[PDB]
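>>> what's the 3D shape of this:
(3 chains)
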Amino acid sequence: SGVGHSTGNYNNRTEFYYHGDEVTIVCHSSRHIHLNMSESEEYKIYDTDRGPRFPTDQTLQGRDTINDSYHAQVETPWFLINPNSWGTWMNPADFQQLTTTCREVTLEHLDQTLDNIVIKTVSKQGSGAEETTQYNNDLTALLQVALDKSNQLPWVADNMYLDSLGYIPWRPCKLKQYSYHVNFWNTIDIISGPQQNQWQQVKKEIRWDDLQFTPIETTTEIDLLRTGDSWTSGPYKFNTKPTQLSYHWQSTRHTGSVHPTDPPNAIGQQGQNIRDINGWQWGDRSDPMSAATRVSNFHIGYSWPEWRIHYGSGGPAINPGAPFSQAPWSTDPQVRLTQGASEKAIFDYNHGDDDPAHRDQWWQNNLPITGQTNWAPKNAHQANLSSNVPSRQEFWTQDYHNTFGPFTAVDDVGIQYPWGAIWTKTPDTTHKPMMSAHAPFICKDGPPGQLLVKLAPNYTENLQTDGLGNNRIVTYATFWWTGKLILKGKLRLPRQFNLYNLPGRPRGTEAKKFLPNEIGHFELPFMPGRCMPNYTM
Amino acid sequence: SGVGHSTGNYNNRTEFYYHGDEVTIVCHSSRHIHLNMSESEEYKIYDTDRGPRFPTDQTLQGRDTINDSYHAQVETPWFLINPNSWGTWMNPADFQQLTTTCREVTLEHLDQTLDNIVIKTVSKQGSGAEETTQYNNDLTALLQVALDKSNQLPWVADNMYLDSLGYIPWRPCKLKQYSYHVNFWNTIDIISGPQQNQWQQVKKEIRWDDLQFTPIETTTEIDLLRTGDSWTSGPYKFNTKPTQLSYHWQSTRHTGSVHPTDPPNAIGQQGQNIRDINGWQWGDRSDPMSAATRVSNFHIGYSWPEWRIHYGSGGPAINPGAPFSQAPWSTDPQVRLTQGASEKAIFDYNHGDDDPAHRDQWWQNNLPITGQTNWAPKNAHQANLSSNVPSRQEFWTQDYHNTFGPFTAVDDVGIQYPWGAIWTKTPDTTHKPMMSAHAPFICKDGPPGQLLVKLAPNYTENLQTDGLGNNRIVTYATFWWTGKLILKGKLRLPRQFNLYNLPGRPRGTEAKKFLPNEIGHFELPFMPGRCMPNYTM
Amino acid sequence: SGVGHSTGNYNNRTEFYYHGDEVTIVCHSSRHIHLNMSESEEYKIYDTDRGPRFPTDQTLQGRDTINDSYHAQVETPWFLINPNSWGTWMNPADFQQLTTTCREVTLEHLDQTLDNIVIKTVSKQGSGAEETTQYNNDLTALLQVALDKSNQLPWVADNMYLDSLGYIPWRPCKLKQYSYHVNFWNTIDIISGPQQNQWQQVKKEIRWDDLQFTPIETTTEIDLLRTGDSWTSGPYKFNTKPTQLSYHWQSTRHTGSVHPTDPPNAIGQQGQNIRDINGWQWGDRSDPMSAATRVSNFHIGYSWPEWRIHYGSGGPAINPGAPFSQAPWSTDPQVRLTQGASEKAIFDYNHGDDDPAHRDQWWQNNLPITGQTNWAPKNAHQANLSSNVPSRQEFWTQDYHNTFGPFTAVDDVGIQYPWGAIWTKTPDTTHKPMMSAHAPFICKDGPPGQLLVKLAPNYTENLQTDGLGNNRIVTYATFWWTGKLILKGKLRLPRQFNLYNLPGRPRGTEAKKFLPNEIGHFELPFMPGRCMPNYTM
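Numbers count the residues shown, from 1 in each chain, chains lettered A, B, ... in the order given. Below you will find the coordinate block:
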């Protein structure tokens, strides 16, 4: 109510409601957010240095140009609260209850609030030796809150770089400055020079004639909040398609009808293949009837020119490729095969690292999902397919061709528990993208708004235009973000006779981790998301 | 009704109902099915031998690895009745009435029954010299019938390998054992070894830690049927999109507005092209105005790295490619060009071969459909397109690039009368496949159930756990499968002035075939399905 | 309906219905039962030989007398169908869905039927060399079915010796003869003779003056069933108490409030115990304040004189003891410590062995359940408990005393998936037993009836009083037992933050087992039943 009455109740809890075949998950989440002043209220547009490791000479002949940090950003004074992640919502054990008991999951509703604003000012008083800091509550101070529900501001809320509320409910969350890119041209030609051994810079610049520059003030309607105030975004209903929580093991060989076979006899025999069968084939091929050249309706998985560096305007990037596993081709573990569109997640203490002052690294190799595996080197093509064997010519080996076509079916990476986006917004273009390399859900109209908070500046008695921070009072606010999202799901009913054998968390892990140390340091486990097997076709 | 009263009437007949512009085909079908005992009631999981012709040495350096029969299956005691084919429904002359008088065909309703169960036991009695077999009807015997309408069991009902009810109504149909694949890894690396001349086996195995093994018993609700019983599946309504019964001859050159031209004069002149015309072009190209570089909205047909061997997990496979004709590039008939995604159909006596004890082979070369023809060798690309001719560089010839893109339009293979699937099920994945290399119809939700029949085991007085078949009585049942499917179609109204000239069945055929011999042996004709020409754009 | 119309549908399937916090499991089960004739229609009362390994001399001085097979039974012509087991109802994967998603399980309803009776006669005809057997259905034959719902006949339906319907739905089940014990005295005195080194037989006999002998005919109302008949027992509602599916790890040291402690500092320190604390103790003990002598309300687990041989009337037996784990005391795995009231299950091919002609053995060591562990040797007692240390006297070590008392709390063995009784009946006595060493559920009024089937005798034309089997016709019947039981349960909601780590099936197991061999031989896995941890107090 007033100054002395609190507003919301901290509720961090999930509720599974089963009715019939439709489960309904309600994920409450609440975090204590530490919002600290600002670097400067002025909006700034500036480029950056090229970056680390970027070559200054020609030796590796531009193979190091894959390292480019050059970018041009506009850094605003505002701050960003994005509850886009798993683990901002569900704790590990309530994700496991969901992953086993649900087949397809669907977002429906979302809610956000802010409450229990607490604004304080530090006061430096002392000889410089002692120099006590003294904290004084501000009952007159303000907290500007802007929810861009009109989907006007640049979205830039995706979870890449892992700027999100922490994954551990009892720790304070320091927010992250808001900023977005401005149009810039970074073009590197690695093919230049004699014998194409010389990389050469082309155009590096911010292109000024076109800059679309929007401040947060003019774009939306800001809500000023004194300590005794609370802010509730509102109901937001998602419109999406359900995902799948079960991985697929069927390639195109595991797919159709089965090659006719006579059974074995005793426990030592493999049985035999009927030498003469009837069925469709591909070429003039007849005599060696086989399951390899069997015609199938669809093909599953596609070749890709793997790790393709884009070198577009603005800099080099990577086109994702296809998310498949190297397990069939593993052979010796000594080599690390990265080509499955694997992802490494470099994360921080608040994000589920254990030891502070260092970065724990977790490499996702996608071991469950096979049968979608097409390794571009290993493929091949023939000129003539028939009962005759091709010559040394007519047979090609190293390809790296895009084999994506109208017949192919593919899988997304699914949901990844500790780190991953929940939703995403689609670029508005002709031909919206079909699927996404990371986020499981794709918003059809808008993304669910975006929440920007800035701590209204407190200025000293002297206000000088030349002054920046020497002119404002040091302050920090701490408020409580309480969100709620509602999931719907279909219930998963056991389809098999034998028990479910799982890796049961990554098998290369120790259970002494994941549990609080003597200090309280512990790592969150990486749940595969897409987990139990299923029949593709 | 009871023991002595029959149930259903054999009805094998099609009914064309014309009302307005909407034709309705009702295809009744009925078959006499001979269901013979079983190999063993136990569910068995076993791999197979590699296969025939698979090389045991390194000579052809792995070019023979395209022959791989290795697979791992689980063979169940059940049997499969799949009425998925054309020719299980319509006879040749009622397909021709449909193909001429209908434009687009659509599945709507489907029905299946079983009736007039007859169960018998053989009895061996004699000196071994005479050894009479004597048949005794079983009024107490059972016939387990399971319709997996819940789309739980693996589907594996596609018509590849041509396991389907026979195409000739008056002959008995022997059923086919039901089985499906289990997860296995067959990985062949043909690029291994020094100078990449050595193929090397990698991993061949059944991967046991993950097997999804479902018996038919626990998965569904089985219906026990004594002789006086009949079983009716139920109404099943398809949800699909109409196909097209007319082939397209228009490439991208036949498509748009026509290059302005002055007419000829007499019967000996070809007319001339206006040298100076106005219109769009592509590059800086101006002076040689031509219909080649005319801009067009869409492109029709796409290049493919033709006969691409996948070598995925589980074994080598083939990615289909595009269904086009070699007729433009035919030149001499002496060479057989297989690259049009052609298909050979190896079929059997009951499936429309004439002479038993041998396999008749029918190679579908897709002669009608051209203009979609893109032969990957023949293409090329240039660096700069302009009024200047490129040099020896800047022009490339042999490509084998996938040219499928956002602008391309393509065609399916359509329906193929004697042999082809009717429907199919889509793999449940992100990005469902667009079209299918074989089956014309693609089910959106489920496929129309699947019908499994097993003959309930009759055990001898002594039941020993060590015994298998020595412990059960020889038996065979014969029942009558009567299906009905309802098609809707749009009526085809003649759009042209001149007569329709058709090849009128393949022109390389004799009409003395296709008609019963002195013995009664005759071959079913291959109707192209997609037949009459039409305007693409 | 009649002769040619079947009756029931084979349904072997489980249905999970979730509504609110109350899950409802409905387990259908159906089996094909092979009922083979009988040994003799006469009721026989006879003793047995003593048994194997029972000593005939005095060497081991009676330590082998623990092996006594002597018993006196009355073997009736009837046969017993007992669906008392887990695995007659649920398959492994639907037990795992239940065990994870349910907290406490409760029996409610039960149902049984018989249908599709098929009666046949073998006919021996030949020279003795060939000697064909020929099978002829009997439409006039009968099948006597007696359901003793009046709880009159001896119950003797418990699952010990594992006489139950098979655990694999697709295999035929051979029934088991019905018989029960008659009063007999087998008394062995192992303490007899000089220096108590001589075991001496006392009284071995059937005590005739008291025999309570009840035939099945006079006791109940039998229902004669011809082939066209079906029999439905009826609704039976259980009255019981829910069990617990979660094991308890808390001993009496893990139970109460926690000894006050100052925290450690860095990751290398264990922290310290406050030397001076306030709280209750036991004796005059004060100065060494410790958590050992802390007073607690209850004690958990009790000592027992473990493996106590009873040597009552009728023979030696074993009083069960307490079901605890040896894991804390394990030390080297080389020794097998059996004293936890462990159980070995010797089972058969149809009961989940893989290889026939041999017995697979599975030893249940109860690894999950600790904290209830009291190993009678390791305990001790003191005369005076105080700040003074006792002398060599006043301290005793080897006890083997029953420590069960009014303060102790204990756990049952819970449910054991492949092999275990579901229900049991309580002996009707003053002071009904509290808990049971094996079966999880204990019926308050009756057990759910008992189903006895006998195949009505077919006699040859000559009926002689001297004749037994030479006077009746060889016959066997095969019918379909279809049961249904309904379970209610409370839903299990995750109470912890961290993931659930399970042994994930016994960790000493291979997954290549449990799946059908090339022959179809596979073993059912042993699910612990009581599985996830929980807080005792």
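>>> separation between residue A:346 and chain B?
Counting by C-beta to the nearest C-beta, to the nearest Å, the gap between residue A:346 and chain B amounts to 27 Å. The C-beta positions use only the backbone N, C-alpha and C, and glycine is treated the same way.
>>> which residues sit in contact with that residue?
By C-beta atoms under 8 Å, 6 or more residues apart in numbering or on different chains, residue A:346 lies in contact with A:359-361.
>>> shouldn't it be within a strand?
Yes. Per DSSP: H, G, I helix; E, B strand; the rest coil, residue A:346 lies within a strand segment.
>>> and the residue of the stretch 301-450 of chain A found nearest chain B, how many neighbours?
Per C-beta to the nearest C-beta, residue A:328 is where the stretch 301-450 of chain A lies closest to chain B, at 3.8 Å. A count of nearby residues for residue A:328, using other C-beta atoms under 10 Å in any protein chain shown, gives 21.
>>> and for the spatially closest residue to it that is not a sequence neighbour, the neighbour number?
Sequence neighbours aside, residue B:313 is the residue nearest to residue A:328 in space, at 3.8 Å (criterion: C-beta to C-beta, 6 or more residues apart in numbering or on different chains). Residues lying near residue B:313 (other C-beta under 10 Å) number 29.
>>> got it, and the one 10 residues further on?
Residue B:323: 24 surrounding residues under other C-beta under 10 Å.
>>> likewise for residue A:536?
Count around residue A:536 with other C-beta under 10 Å applied: 24.
>>> that one sits in which helix or strand?
For residue A:536, there is no enclosing helix or strand under DSSP states H and E.
>>> I'd say it and residue A:253 touch.
No. When contacts are counted by C-beta atoms under 8 Å, residue A:536 is not listed as touching residue A:253 (11.7 Å).
>>> residue A:278 against residue B:159, yeah?
No. Between residue A:278 and residue B:159 there is no contact under C-beta under 8 Å: 11.0 Å.
>>> so these two - more neighbours on which side?
Using other C-beta under 10 Å as the criterion, residue A:278 and residue B:159 rank with residue B:159 on top: 27 against 22.
>>> distance check, that one against residue A:296.
11 Å (C-beta to C-beta, to the nearest Å).
>>> ditto for residue A:9
Following C-beta to C-beta, the distance that separates residue A:9 from residue A:296 is 57 Å.
>>> between those two, which is the more surrounded one?
The neighbour count for residue A:9 versus residue A:296, taken as other C-beta under 10 Å, is higher for residue A:296 (24 against 11).
>>> among the contacts of residue A:346, which one sits closest to chain C?
Among the contacts of residue A:346, and counting by C-beta to the nearest C-beta, the member closest to chain C is residue A:360, at 15.9 Å.
>>> list the residues that contact the nearest residue to that closest one once chain neighbours are set aside.
Of all residues not flanking residue A:360 in the chain, residue A:353 sits nearest, at 4.2 Å (C-beta to C-beta, 6+ apart). Residues counted as contacts of residue A:353 (C-beta under 8 Å, 6+ apart) are A:347, A:359-360, A:523.
>>> turn those into JSON lines, including neighbour count, secondary structure and distance to residue B:232.
Below are the contacts of residue A:353 laid out as JSON lines (neighbours: other C-beta atoms under 10 Å in any protein chain shown; DSSP: H, G, I helix; E, B strand; the rest coil; distance: C-beta to C-beta, whole Å):
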{"residue": "A:347", "neighbour count": "19", "secondary structure": "strand", "distance to residue B:232": "60"}
{"residue": "A:359", "neighbour count": "11", "secondary structure": "coil", "distance to residue B:232": "66"}
{"residue": "A:360", "neighbour count": "15", "secondary structure": "strand", "distance to residue B:232": "62"}
{"residue": "A:523", "neighbour count": "20", "secondary structure": "coil", "distance to residue B:232": "59"}
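>>> next, give me the two most distant ones among these.
A:359 and A:523 (12.1 Å; C-beta to C-beta).
>>> which residues belonging to stretch A:502-519 are considered buried?
With burial defined by 16 or more other C-beta atoms under 10 Å in any protein chain shown, the residues of stretch A:502-519 counted as buried are A:502, A:505, A:514.
>>> so which of these are also by chain C?
A:502, A:505, A:514 (C-beta under 8 Å from any C-beta of the partner chain).
>>> for chain B, state which of these is nearest.
Nearest member of these to chain B, counting by C-beta to the nearest C-beta, is residue A:502, at 9.0 Å.
>>> quick check: the closest one touching residue C:502?
No. Between residue A:502 and residue C:502 there is no contact under C-beta under 8 Å: 9.5 Å.
>>> can you classify residue A:24 by secondary structure?
strand.
>>> give the contact list for it.
Residue A:24 touches A:16-18, A:486-489, counting by C-beta under 8 Å, 6+ apart.
>>> excluding sequence neighbours, find me the nearest residue to the most centrally placed residue in chain A.
Most central in chain A under C-alpha atoms, centre = their mean is residue A:420, positioned 3.7 Å from the mean C-alpha point. Spatial nearest neighbour of residue A:420, chain neighbours left out: residue A:86 (5.8 Å); criterion: C-beta to C-beta, 6+ apart.
>>> contacting residues for that neighbour?
A:95, A:415-420, A:422.
>>> inside helices: which ones of these?
residue A:95 (DSSP state H).
>>> show me what from the stretch 201-350 of chain A comes close to chain C.
A:264, A:266-267, A:269, A:271.
>>> list buried residues within the residues you listed.
Buried among those by 16+ other C-beta under 10 Å: A:264, A:271.
>>> can you put the residues of the stretch 201-350 of chain A next to chain C in CSV and add secondary structure?
CSV is the format used below for those (three-state DSSP):
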residue, secondary structure
A:264, coil
A:266, coil
A:267, coil
A:269, coil
A:271, coil
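>>> out of the residues of the stretch 201-350 of chain A next to chain C, which is nearest to residue C:289?
Taking C-beta to C-beta as the measure, residue C:289 lies nearest residue A:267 of these, at 65.9 Å.
>>> right, and the closest one touches residue C:516 too?
No. With contacts counted by C-beta under 8 Å, residue A:267 stays clear of residue C:516, the gap being 11.5 Å.
>>> wait, what's in contact with whatever residue of the stretch 1-150 of chain A ends up closest to chain C?
At 3.4 Å from chain C, residue A:18 is the closest residue in the stretch 1-150 of chain A, using C-beta to the nearest C-beta. Counting by C-beta under 8 Å, 6+ apart, residue A:18 touches A:24, A:491, C:18-20, C:23, C:491.
>>> who is it paired with across the strands?
In this entry, residue A:18 is beta-bridged to residue A:23, by DSSP bridges.
>>> pretty sure residue A:136 is in a helix, no?
No. Using three-state DSSP, the assignment for residue A:136 is strand, not a helix.
>>> list the contacts for residue A:440?
Residue A:440 touches A:243, A:412-415, A:420-422, A:529, counting by C-beta under 8 Å, 6+ apart.
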